[PDB]
Each structure stands twice: as C-alpha cells, then as structure tokens.
Ligand SMILES: *[C@@H]1O[C@H](CO)[C@@H](O[C@@H]2O[C@H](CO)[C@@H](O[C@@H]3O[C@H](CO)[C@@H](O)[C@H](O)[C@@H]3O)[C@H](O)[C@H]2NC(C)=O)[C@H](O)[C@H]1NC(C)=O
Ligand SMILES: *[C@@H]1O[C@H](CO)[C@@H](O)[C@H](O)[C@H]1NC(C)=O
Ligand SMILES: *[C@@H]1O[C@H](CO)[C@@H](O)[C@H](O)[C@H]1NC(C)=O
C-alpha cells in the first residue's frame with residue numbers, strides 16, 4: 625500500500641500542471657513552463673528584460689488535438705500550436721499623462742499640445758505622441774513620435794465662449810479633486826484651477 | 625514514511641492555491657483569498673452587496 | 139479643513155504607470171507538444187498499477203481539452219495551386 | 139401550427155439581464171504580498187525533510203511567475219523634480 | 325522502423341510521401357520495398373518482417 629501511495633503523489637503533481645496548461649490553452653495564451661523559449665533568444669538577439677515582454681504578450685491558437693497511442697498502461701497525445709509574437713523596439717517604462725484644464729476669463738481658454746506622454750526614464754525628458762494604440766496588457770502602439778516641448786514647436790490657442798457658472802470637477806485617482814470654478818461657494822479662489830483635499834465629507 | 629507522507633499533503637494543498645494565485649495574477653485580476661479586503665470596507669462605508677461589485 | 143495648491147498654467151500630470159511598447163513587426167510560428175506518459179512513468183518508479191492511474195488522468199484531461207477544438211488546417215502556400223490540394 | 143401575438147405600437151422589450159453600474163470615480167492603490175515559507179512550515183509540522191520539498195515548489199512557482207514580469211517602477215511624484223531622480 | 329510515435333503526424337506524412345515517390349514506377353512498388361519472403365530482391369525498405 626505504501627508503495628502505491630508513494631507513486632500516487634507524482635500522478636497528482638502531474639495532474640496539477642496539466643490542468644494549468646489546459647486552462648492556459650483554452651485562454652489563448654502560452655504556457656512557457658511546457659515550452660523551452662531558449663532557442664529564440666539567440667536567433668534574435670534581445671536582452672533578458674526584452675524577452676519577458678515578448679513572452680507576456682504572445683497569443684496562441686490550437687488547430688488539432690489528436691491521440692496516437694491507446695494502450696491500457698500507455699498513452700500519447702499531440703497538440704498543434706500556432707502562435708504569434710510581437711517584437712518591440714522601445715519600452716518607455718517611466719511615463720506621465722497630460723491633463724489640460726486651462727483657465728477661464735465667459736471664455737474658456739485651453740492650450741493645445743501635440744504630445745500626450747512625458748517620459749522621464751532617461752536623464753532628459755522625452756515628449757511622445759502616440760497613434761492607434763491597443764490596450765491589451767501593456768499598451769501596444771504601432772507608431773509613437775518624439776516631438777518638441779511646445780517651444785522649437787508651435788502650439789495653437791483655442792478659446793470658446795461658455796455660460797456661467799461652468800464649474801468642472803475631476804477626480805484625481807489619489808483622493809484629490811481638480812476644481813475649475815468661476816463662482817466660489819467654498820473657500821476656493823475663482824477663475825484658477827485648484828487641487829482640493831478634504832479631511833471629512835463636505836459639499 | 626508515514627511521517628513524511630502526512631506532511632506532503634500540506635505541500636500539495638499549498639501548491640494548488642499558489643497555482644491559482646499565479647493564474648489570477650497573470651490574468652490581471654485580484655485573488656481576494658490572499659488579500660484581506662476588510663479594512664477598506666470601513667474606510668469607505670459601503671454595503672455588503674456593494675463591496676462584491 | 140481643505141488643502142490647496144494652485145496650478146500655474148492649467149496643465150496637470152497623471153501617473154499613468156502602464157508601459158508603452160511601440161511594436162516593430164509580428165511573427166508567426168508553429169509547434170507540436172507531443173504529450174507522452176512513458177517518459178513520466180520512467181522518470182518516476184511506477185509499478186504497473188499506478189501506470190494505469192496515470193494514463194486515466196492524462197486521457198481524461200486530454201479529452202476535455204479536445205472536446206472544444208475544431209481540428210482544422212493551417213494555410214501555408216498559395217490559393218491558386220492545384221498540386222497541394224490534390225496531394 | 140403557429141402562435142401569435144400582435145404588438146400594439148411596434149415597441150418590444152428585451153430581458154437584458156446584465157446590471158448597469160454607473161461608476162463615480164476610480165482609485166489606485168499599492169500593496170506587497172510577502173510570500174514566506176517559514177510561516178507555513180511552522181503552522182504545519184514539517185520535519186527538516188519535507189521543508190525542502192516545500193521550498194522547491196515555492197521556488198519553482200515563483201520563478202515561473204517572475205519569468206514574465208518586467209520589474210519596473212511606479213511613478214508617484216512630479217516629472218520636473220531632480221532630487222527624486224538623483225536619489 | 326521509420327514509422328514511429330516519436331515523430332509528429334506531418335513528419336510521418338513527409339516520410340511516407342518521400343519514400344513512396346522514391347520507390348515506385350507508375351503505381352507499382354519496387355521489390356526492394358518488400359520483405360525477403362514477399363519478393364526475391366526484398367530489402368525491407370518500406371515494410372518489415
Ligand atoms: C495627489 O497627487 C497630487 C499630484 O502630485 C498631489 O498634489 C501635490 O501634492 C504635493 C505634496 O504636498 C504638493 O507639493 C507641495 O507643494 C508646496 C507648494 O504649494 C510645497 O511648499 C510643499 O513642500 C510640497 O512640495 C504639490 O504642490 C501638489 N500639487 C501639484 C503637484 O500640482 C496631491 O497632494 C495628492 N493627494 C494625496 C491625497 O496624496
Ligand atoms: C492640510 O493643511 C493642514 C494645515 O493647513 C495640514 O496640517 C495637513 O497635513 C494638510 N493635509 C494634507 C497635506 O493632506
Ligand atoms: C400555440 O397555440 C396552440 C393552440 O392554438 C396551443 O395549444 C399551444 O400551446 C401554443 N403554443 C405556445 C403558446 O407556445
């Protein structure tokens with residue numbers, strides 16, 4: 625009995641990993657535990673950190689599952705996998721998004742910026758304009774362009794008439810609020826955008 | 625041998641839950657079995673049914 | 139009480155912590171998995187009775203996977219050619 | 139045979155059983171998991187030989203998870219500031 | 325022996341197609357593709373004993 629129960633543990637251990645592989649395959653991902661992935665790091669020369677992005681954003685497709693041996697104490701199966709890999713060119717690990725509020729003087738005035746992302750990963754800041762981006766895991770974009778910071786650059790100014798009161802409030806995702814109000818019922822300077830944080834609930 | 629095989633069951637039990645957590649993390653979800661989530665129900669006052677959403 | 143800070147020119151910056159990849163090209167590959175139980179049986183020390191307990195699990199898992207896959211063929215050549223279709 | 143019912147004004151109603159949330163705001167948080175095997179070993183009664191069987195599993199699972207994560211840093215402050223970058 | 329489980333289905337198909345194309349005249353197989361009992365000049369190139 626102990627001889628049998630010792631071998632049963634290996635069966636359970638294999639069962640867990642096989643179930644995980646089945647879940648990953650039904651999920652149109654790739655289980656890299658079952659695949660080597662070491663041969664393609666040398667064929668195309670990439671860093672260790674750049675290979676993780678390639679591994680993470682891979683999509684798979686199963687086009688045949690078959691059984692070749694059907695003995696009572698032995699079995700053999702085959703799965704055909706077709707998968708697609710996305711090769712990157714840059715990574716841009718440190719990013720900041722830009723929100724434009726402007727000021728009102735009614736007339737609402739907002740400056741126009743060509744760039745949308747600021748990169749501080751390098752020593753100098755980079756200004757990136759993104760086009761046709763896809764939101765799957767990390768942001769995937771076909772084209773990103775470096776542009777000048779509204780200097785060696787030109788920025789149009791657009792002003793639109795708006796009626797009073799025209800108050801706008803935006804949550805800041807860290808608990809603060811962005812307020813742009815012509816009128817002032819709370820202790821807030823008018824006509825100037827402000828960041829507001831409160832200790833208790835107030836209106 | 626029985627002393628070893630008794631402790632092996634706990635290892636298997638931990639392995640199952642750790643694999644589930646890894647799947648959830650690769651899936652950009654949150655495994656609430658590994659996280660408390662009881663402190664933020666009091667900081668922001670919400671009903672039991674509103675916390676499930 | 140309230141806390142304040144005046145934005146100078148009405149421009150604010152959001153963290154936005156997700157990376158940006160800027161892909162270059164996409165590649166496609168094919169591969170076969172070849173699940174076999176004899177290798178696992180030999181690596182372990184199964185005794186002709188736990189082998190049947192392993193093949194049963196492998197068979198049921200593989201059948202469960204195979205119950206939702208359509209078993210088609212991958213196009214690789216040219217639609218016009220007749221020799222490939224004849225083959 | 140057929141079954142009939144005349145719609146009075148040409149307007150019909152679909153079940154549509156999914157809920158509708160109408161969000162208010164979005165928040166962001168950070169947290170650390172701190173996986174440790176000593177707590178599990180102490181809670182159980184491992185005997186200096188099943189401990190090595192537990193650390194092996196924990197290590198292989200954690201390495202499998204770590205093989206697909208890029209290990210970047212979360213932006214939290216202001217892009218202009220030089221002191222944070224110097225630090 | 326060239327037909328085995330260690331190869332994939334496509335691999336076996338390519339093996340069979342190449343061997344059949346090499347050892348066939350019209351639609352008739354060569355004697356060398358048969359066992360020694362089936363033909364005088366058999367070399368077991370395609371079948372086995
Ligand atoms: C949510 O994030 C925003 C954006 O960072 C925070 O607003 C900023 O908070 C910092 C920290 O207090 C402010 O810096 C301070 O500026 C004053 C000058 O008025 C200076 O004397 C202090 O020594 C300190 O450096 C910053 O001005 C403020 N506004 C910005 C950056 O536009 C906000 O506090 C965050 N909310 C929470 C609840 O964490
Ligand atoms: C708000 O200002 C008060 C003093 O005016 C200060 O004690 C408190 O820490 C501030 N709250 C913040 C910065 O969140
Ligand atoms: C259709 O009408 C017949 C009688 O006209 C009735 O017996 C049958 O139950 C009806 N089918 C429905 C309501 O689905």
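Residue numbers (the authors' numbering), protein chains in the order written: chain A, 625 to 729, 735 to 780, 785 to 836; chain R, 625 to 677; chain P, 139 to 225; chain F, 139 to 225; chain W, 325 to 373. Ideal Cβ placement from N, Cα and C applies to all residues, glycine included.
How should residue i be labelled, buried or exposed, when 16 other C-beta atoms within 10 angstroms of its C-beta is the threshold for buried?
{"i": "residue 189 (chain P)", "result": "buried"}
{"i": "residue 773 (chain A)", "result": "buried"}
{"i": "residue 167 (chain F)", "result": "exposed"}
{"i": "residue 149 (chain F)", "result": "exposed"}
{"i": "residue 733 (chain A)", "result": "There are no atomic positions for residue 733 (chain A) here, as chain A continues from 729 directly to 735."}
{"i": "residue 160 (chain P)", "result": "buried"}
{"i": "residue 749 (chain A)", "result": "buried"}
{"i": "residue 744 (chain A)", "result": "buried"}
{"i": "residue 788 (chain A)", "result": "exposed"}
By the three-class DSSP mapping on this structure, what secondary structure does residue i have?
{"i": "residue 651 (chain R)", "result": "coil"}
{"i": "residue 730 (chain A)", "result": "It's not possible to place residue 730 (chain A) here, given that chain A moves directly from 729 to 735."}
{"i": "residue 639 (chain A)", "result": "helix"}
{"i": "residue 356 (chain W)", "result": "helix"}
{"i": "residue 767 (chain A)", "result": "coil"}
{"i": "residue 677 (chain A)", "result": "helix"}
{"i": "residue 173 (chain F)", "result": "coil"}
{"i": "residue 691 (chain A)", "result": "strand"}
{"i": "residue 806 (chain A)", "result": "coil"}
{"i": "residue 167 (chain F)", "result": "coil"}
{"i": "residue 774 (chain A)", "result": "strand"}
{"i": "residue 658 (chain R)", "result": "coil"}
{"i": "residue 684 (chain A)", "result": "strand"}
{"i": "residue 801 (chain A)", "result": "strand"}
{"i": "residue 158 (chain P)", "result": "strand"}
{"i": "residue 188 (chain P)", "result": "coil"}
{"i": "residue 367 (chain W)", "result": "coil"}
{"i": "residue 341 (chain W)", "result": "helix"}
{"i": "residue 699 (chain A)", "result": "strand"}
{"i": "residue 833 (chain A)", "result": "coil"}
{"i": "residue 139 (chain P)", "result": "coil"}
Does residue i get closer than 8 Å to chain P when you measure Cβ to Cβ?
{"i": "residue 209 (chain F)", "result": "no"}
{"i": "residue 146 (chain F)", "result": "no"}
{"i": "residue 717 (chain A)", "result": "yes"}
{"i": "residue 217 (chain F)", "result": "yes"}
Looking at the strands, I want to know which residues DSSP matches up with residue i.
{"i": "residue 794 (chain A)", "result": "A:736"}
{"i": "residue 150 (chain P)", "result": "A:723"}
{"i": "residue 646 (chain A)", "result": "In the DSSP output, where bridge partners are listed per residue, residue 646 (chain A) has none listed."}
{"i": "residue 583 (chain R)", "result": "An answer regarding residue 583 (chain R) cannot be provided, because it is not within the stretch 625 to 677 covered by chain R."}
{"i": "residue 144 (chain P)", "result": "A:827"}
{"i": "residue 756 (chain A)", "result": "A:747"}
{"i": "residue 712 (chain A)", "result": "P:161"}
{"i": "residue 813 (chain A)", "result": "A:801"}
{"i": "residue 208 (chain P)", "result": "In the DSSP output, where bridge partners are listed per residue, residue 208 (chain P) has none listed."}
{"i": "residue 728 (chain A)", "result": "A:737"}
So, is the C-beta of residue i closer than 8 Å to a C-beta in chain A?
{"i": "residue 165 (chain F)", "result": "yes"}
{"i": "residue 184 (chain P)", "result": "yes"}
{"i": "residue 152 (chain P)", "result": "yes"}
{"i": "residue 214 (chain P)", "result": "no"}
Flag residue i as yes if its beta-carbon sits less than 8 Å from any beta-carbon of chain W, otherwise no.
{"i": "residue 196 (chain P)", "result": "no"}
{"i": "residue 200 (chain P)", "result": "no"}
{"i": "residue 178 (chain P)", "result": "no"}
{"i": "residue 690 (chain A)", "result": "yes"}
{"i": "residue 170 (chain P)", "result": "yes"}
Just checking: is the beta-carbon of residue i within a distance shorter than 8 Å of some beta-carbon in chain F?
{"i": "residue 804 (chain A)", "result": "yes"}
{"i": "residue 223 (chain P)", "result": "no"}
{"i": "residue 680 (chain A)", "result": "yes"}
{"i": "residue 749 (chain A)", "result": "yes"}
{"i": "residue 723 (chain A)", "result": "no"}
{"i": "residue 672 (chain A)", "result": "no"}
Does any C-beta atom of chain R lie closer than 8 Å to the C-beta of residue i?
{"i": "residue 159 (chain F)", "result": "yes"}
{"i": "residue 769 (chain A)", "result": "no"}
{"i": "residue 629 (chain A)", "result": "yes"}
{"i": "residue 187 (chain F)", "result": "yes"}
Is any beta-carbon of chain B found at less than 8 Å from that of residue i?
{"i": "residue 206 (chain F)", "result": "In the structure shown, chain B does not exist; the protein chains are A, R, P, F and W."}
* To do: Using a Cβ-Cβ cut-off of less than 7 Å, list which residues of the stretch 635–650 of chain R approach chain A; keep chain order.
  => 636, 639, 640, 643 and 647
* Asked: Which residues, in chain order, does the stretch 345–367 of chain W contribute to contact with chain P at a C-beta distance below 8 Å?
  -> none
* To do: Please list the residues of the stretch 811–834 of chain A that have a C-beta atom closer than 8 Å to any C-beta atom in chain F, keeping them in chain order.
  => none
* Name, going along the chain, the residues of the stretch 682–713 of chain A whose beta-carbon falls closer than 9 Å to a beta-carbon of chain W. => 688, 690, 692, 693, 700, 702 and 704
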